[PDB]
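Here is the structure we will look at, set down as structure tokens.
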Amino acid sequence: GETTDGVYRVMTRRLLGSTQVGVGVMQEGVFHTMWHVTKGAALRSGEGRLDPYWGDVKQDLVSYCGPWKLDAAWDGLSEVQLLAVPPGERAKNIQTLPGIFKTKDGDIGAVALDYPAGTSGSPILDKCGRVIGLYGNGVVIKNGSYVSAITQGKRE
Amino acid sequence: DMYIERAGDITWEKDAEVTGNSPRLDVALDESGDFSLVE
Ligand SMILES: Cc1cc(CO)c2cccc(NC(=O)[C@H]3CC[C@@H](N)CC3)c2n1
């Protein structure tokens, strides 16, 4: 299959036509998405098969072909870009200064951008192009608008 | 059966559409990975 670095759409044909269920990042031979996109299912890349390697429903992350490789983090200060990959639409950078998820267990970055559910797994970047996390697990606020965590895994 | 299709390089693009705010939110995380607002 295609193992070239970059951002990919996650498609299914089980439903009407071909539906985008989410997005992921290929880096160092490993494919990175959010758990709620694939629910841990195997994936196809042309004729090649991607098998799940690691996954955590509570982090809402999953990796294919190898361990989680993305270990860059928001600096707590600088603007970021969401490389949004919406269904039927070309990849599009959106620059933003993230808000904050405050939890009993510490502070998480949050990006206040609403996009369709099928955009889940689009990468959030820093100014050096490193992926600081994935878009698409968050919360609908007092207003009715969506805020996503910046969800990043651990590199062992 | 799900399949992947490439969509782009991962690059910072100078002078991209700047938007969205920076809300500070008190949230909880349950065992199913659902974020909720604590009020
Ligand atoms: C209601 C809504 C809306 C939008 C866009 O407006 C969404 C955009 C992306 C992702 C969503 N889902 C999540 O954040 C997670 C909730 C629980 C988690 N365990 C798995 C998925 C969206 N949910």
Side-chain angles (χ1 to χ4, degrees), chain A residues 7-12 14-15 18-25 31-41 43 52 54-64 68 70 74 80-96 98-125 131-154, chain B residues 2 4-5 7-8 10 17 19-39:
Chain A
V7 63
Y8 290 69
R9 318 176 177 257
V10 182
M11 311 295 317
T12 177
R14 209 174 38 80
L15 278 43
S18 312
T19 300
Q20 187 170 310
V21 285
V23 182
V25 174
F31 192 61
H32 301 86
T33 187
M34 310 209 80
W35 182 276
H36 81 265
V37 167
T38 64
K39 324 275 199 238
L43 302 170
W54 173 85
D56 192 296
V57 159
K58 180 175 174 172
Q59 291 183 56
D60 194 31
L61 296 184
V62 60
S63 67
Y64 291 77
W68 188 274
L70 309 174
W74 184 36
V80 304
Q81 299 196 356
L82 175 65
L83 178 48
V85 178
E89 297 180 10
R90 182 159 51 270
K92 175 183 46 163
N93 293 72
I94 311 275
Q95 176 153 336
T96 204
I100 306 266
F101 276 8
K102 289 164 196 175
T103 77
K104 56 185 265 287
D105 299 305
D107 280 345
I108 327 175
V111 291
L113 303 164
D114 199 326
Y115 285 102
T119 316
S120 300
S122 299
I124 301 159
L125 324 173
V131 181
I132 53 155
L134 302 191
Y135 176 91
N137 192 34
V139 74
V140 192
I141 63 159
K142 291 147 57 79
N143 326 351
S145 176
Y146 179 78
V147 182
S148 175
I150 306 173
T151 305
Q152 186 55 295
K154 208 183 165 243
Chain B
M2 298 180 169
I4 69 182
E5 318 179 315
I10 292 162
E17 183 173 33
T19 188
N21 64 300
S22 320
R24 298 160 175 284
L25 298 165
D26 295 318
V27 309
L29 179 60
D30 77 10
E31 204 172 73
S32 307
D34 318 302
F35 285 114
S36 52
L37 288 169
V38 169
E39 277 269 15

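Order of the sequence lines sets the chain letters (A, B, ...), proteins ahead of strands, with each chain counted from 1. All heavy atoms count here, side chains included; hydrogens, waters and symmetry mates do not. In each ligand, atom 1 is the first atom listed, and ligand 1 is the first ligand listed.
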Legend entry - For A/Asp114, the ligand 1 atoms whose distance to one of its heavy atoms is below 4.0 Å: 5 (C), 6 (O)

Inset, instruction - Could you list the atoms of ligand 1 found under 4.0 angstrom from a heavy atom of B/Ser32? - result: 19 (N)

Legend entry - Heavy-atom nearest neighbour in the protein, as seen from atom 19 (N) of ligand 1, with distance rounded to 0.1 Å: B/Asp34 OD1, 3.4 Å

Legend entry - Heavy-atom pair with the smallest gap, counting every atom of A/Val85 and B/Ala7: CG1-CB, 3.8 Å

Inset, instruction - For atom 1 (C) of ligand 1, find the nearest protein heavy atom and state the residue, atom name and distance (0.1 Å precision). - result: A/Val140 CG2, 4.0 Å

Legend entry - Nearest non-hydrogen protein atom, atom 16 (C) of ligand 1: A/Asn137 OD1, 3.8 Å

Inset, instruction - Kindly check if the number of other-residue, nucleotide or ligand heavy atoms within 6.0 Å of CD (B/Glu5) is above 12? - result: yes

Inset, instruction - Can you see which heavy atom on A/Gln152 is nearest to which on A/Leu61, and at what distance? - result: C-CD1, 3.8 Å

Inset, instruction - Give the numbers and elements of all ligand 1 atoms closer than 4.0 Å to a heavy atom of A/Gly138. - result: 14 (O)

Legend entry - CA sep, side-chain torsions, deciding dist, call: A/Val131, A/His32, side-chain contact (heavy atoms from CB on, under 4.5 Å): CA-CA 11 Å; A/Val131 181; A/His32 301 86; over 6 Å; no

Inset, instruction - Enter the distance from A/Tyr146:OH to A/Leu113:CG here, rounded to the nearest 0.5 Å. - result: 10.5 Å

Inset, instruction - Check ligand 1 against A/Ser120 and write out every atom of the ligand that is under 4.0 Å from a heavy-atom position of the residue. - result: 9 (C), 10 (C)

Legend entry - Pairwise distance CZ(A/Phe101) to OG(A/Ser148) - rounded to 0.5 angstrom: 7.0 Å

Inset, instruction - Mind checking the CD-CD1 spacing from A/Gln81 to A/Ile132? Nearest 0.5 Å is all I need. - result: 10.5 Å

Inset, instruction - State if A/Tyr115 counts as touching ligand 1 under the rule of any non-hydrogen atom under 4.0 Å. - result: yes

Inset, instruction - Measure the distance from atom 10 (C) of ligand 1 to every protein heavy atom, then report the residue, atom name and distance (to 0.1 Å) of the closest one. - result: A/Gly136 O, 3.0 Å

Legend entry - Ring geometry between A/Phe31 and A/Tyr64 (parallel below 30°, tilted from 30 to 60°, perpendicular above 60°): tilted

Inset, instruction - Name the closest protein heavy atom to atom 23 (N) of ligand 1, giving the residue it belongs to and the distance to 0.1 Å. - result: A/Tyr146 CE1, 3.9 Å

Inset, instruction - Any atoms of ligand 1 less than 4.0 Å from a non-hydrogen atom of A/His36? List them with their elements. - result: 20 (C), 21 (C)

